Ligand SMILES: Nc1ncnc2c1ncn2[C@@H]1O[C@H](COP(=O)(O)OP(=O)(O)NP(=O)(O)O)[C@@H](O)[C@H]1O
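A lone chain, given as structure tokens: the form deposited without the ligand.
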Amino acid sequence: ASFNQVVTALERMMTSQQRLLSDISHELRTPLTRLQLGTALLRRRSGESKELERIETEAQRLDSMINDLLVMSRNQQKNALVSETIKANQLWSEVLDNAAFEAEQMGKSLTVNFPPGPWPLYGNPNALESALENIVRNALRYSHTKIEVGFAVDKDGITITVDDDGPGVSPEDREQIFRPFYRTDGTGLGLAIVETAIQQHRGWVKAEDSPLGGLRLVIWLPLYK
């Protein structure tokens, strides 16, 4: 009865927040659908215009961001409820191997100087895997020729350091580095989701000067005790 009342109250709060997001999406998509209908009618008729193609593609990009809001929000629930103990080397082995392949295809190099060990972590494996994958792919794009990935552990947590030889980053640019949600280079995700996912696992992220000349991204995650 009371355990049941607590479970019902928690779900009721979660569902009402999801209904509000969903209702915000329905309102935004009312003018967007009218706009997409107007565009389609014009495009079907006066069909060869760079401006009309631009309006359609931007309307679709706006629509994808709204879809991201709904998908990524229902998914942040999954990270909260779906958690397990995992070892750092088993968690990120595939990401580091796929990144080494991506580096090779690009004509760049990835060096894992300090490899991960069987260090226990607690959280959502998919979210922690994609957070490192995102920063590593960011280094693969920004780097001139090389990227380096280092793992360190102490009694309290795991430090992941991602370095690149990309252009020197200004302290101002470094301070706002985790602010963009989308990649400026739908749209691919920027580094805001990385900070979000890491803070959700009670860790932190920092942007610093890299010894290789480019950007240094530092992830800290607590050890599972």
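Numbers follow the displayed sequence, beginning with 1. Heads up, when I say rigid core I mean the largest set of C-alphas that superpose within 1.5 Å between the two forms.
A second form of this protein, the form deposited with the ligand bound, is not displayed here; the remarks below concern that form.
The site is blocked: after superposition of the local C-alphas, three or more atoms of the ligand, taken in the bound PDB entry, come within 2.4 Å of this form's backbone or C-beta atoms. Of the residues given (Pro171, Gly38, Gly47, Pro167), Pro167 alone sits with a heavy atom within 4.5 Å of the ligand in the bound PDB entry. For the residues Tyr142, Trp119, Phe114, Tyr122, the 4.5 Å heavy atom test against the ligand in the bound PDB entry is passed only by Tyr142. Of the heavy atoms in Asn134, some are within 4.5 Å of the ligand in the bound PDB entry. Contact check for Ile177: a heavy atom falls within 4.5 Å of the ligand in the bound PDB entry. Within this chain, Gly190 lines the site of the ligand in the bound PDB entry, having a heavy atom no more than 4.5 Å away. Under a 4.5 angstroms non-hydrogen atom cutoff, the ligand in the bound PDB entry has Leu215 among its neighbouring residues. The stretch that touches the ligand in the bound PDB entry, counting heavy atoms within 4.5 Å, is 159-167, out of 196-204, 159-167, 38-46, 54-62. Here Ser73 counts as shifted, since its C-alpha moves by at least 2 Å between this form and the one not shown after the core is aligned. Superposition on the rigid core between this form and the one not shown places the CA atom of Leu191 less than 2 Å from its counterpart.
After superposing the rigid core, the Cα of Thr39 is displaced by 2 Å or more between this form and the one not shown.
In the bound PDB entry, the separation between the C-alpha atoms of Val95 and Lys78 grows by 3 Å or more relative to the displayed form.
If you compare C-alpha positions, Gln199 and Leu20 are 3 angstroms or more farther apart in the bound PDB entry than in the form on display.
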